[PDB]
């Protein structure tokens, strides 16, 4: 029971999400190998994802985390890139969407940098790039990212050589 509602480009909500995308691109140490070579995006569409059940699942967990963390959800908006983006919007996140070999263990990973999440659109390490051209730096094919509401609760701080 997911619906997707288009945001008008004239709408401040669209513009806020576009600026979050654009302002958090950076250079990557692979010179663009995984995600491609770019300084900015062409944003083609932004849709709101609405699902009453998935939303309730989320707010139920958030309340438990918030109470366990002395009344602080520690909620953020973060990017997620995945080959499963089309499954995620219908069924929600679960173990099928985890990065088994991640830096900080098997869990679901999110980025403040839009361009970090873009590295996973076509799979781990960018996989073999777009389906049509096998190009990790394809400038023609349309990509999708999610911008998500994430409950962090008490977060363990791990400094990392990356």
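Numbering follows the first chain given and starts at 1. Rigid core (definition): largest C-alpha set, two forms, superposition within 1.5 Å.
Student: I'd like to know which segment deviates more from the shown structure in 9 other deposited structures of this protein: 91-99 or 45-53, using C-alpha RMS over all structures and residues after a core fit.
Tutor: Higher average C-alpha offset in 9 other deposited structures of this protein goes to 91-99.
Student: Would you say which of 101-109 and 121-129 moves more relative to the shown form in 9 other deposited structures of this protein, going by RMS C-alpha distance with the core superposed?
Tutor: Looking at 121-129 and 101-109 in 9 other deposited structures of this protein, the bigger mover is 101-109.
Student: Out of 39-47 and 63-71, which one has CA B-factors that are higher on average in the deposited record?
Tutor: The deposited B-factors put 63-71 ahead on the C-alpha mean.
Student: Mean C-alpha B factor from the entry: is it higher for 48-56 or for 27-35?
Tutor: Going by the record's values, the stretch with the higher mean is 48-56.
Student: Hey, out of 111, 124, 103, 108, whose CA B-factor is highest in the deposited coordinates?
Tutor: Highest C-alpha B-factor among the listed options: 103.
Student: Among all modelled residues of this chain, ranked by Cα B factor, put residue 116 in the bottom, middle or top third, i.e. lowest, middle or highest.
Tutor: Ranked within chain, residue 116 CA B lands in the lowest tercile.
Student: Lowest, middle or highest third of the chain for the C-alpha temperature factor of residue 87?
Tutor: Within its chain, residue 87 is a highest-third residue by C-alpha B-factor, going by the deposited values.
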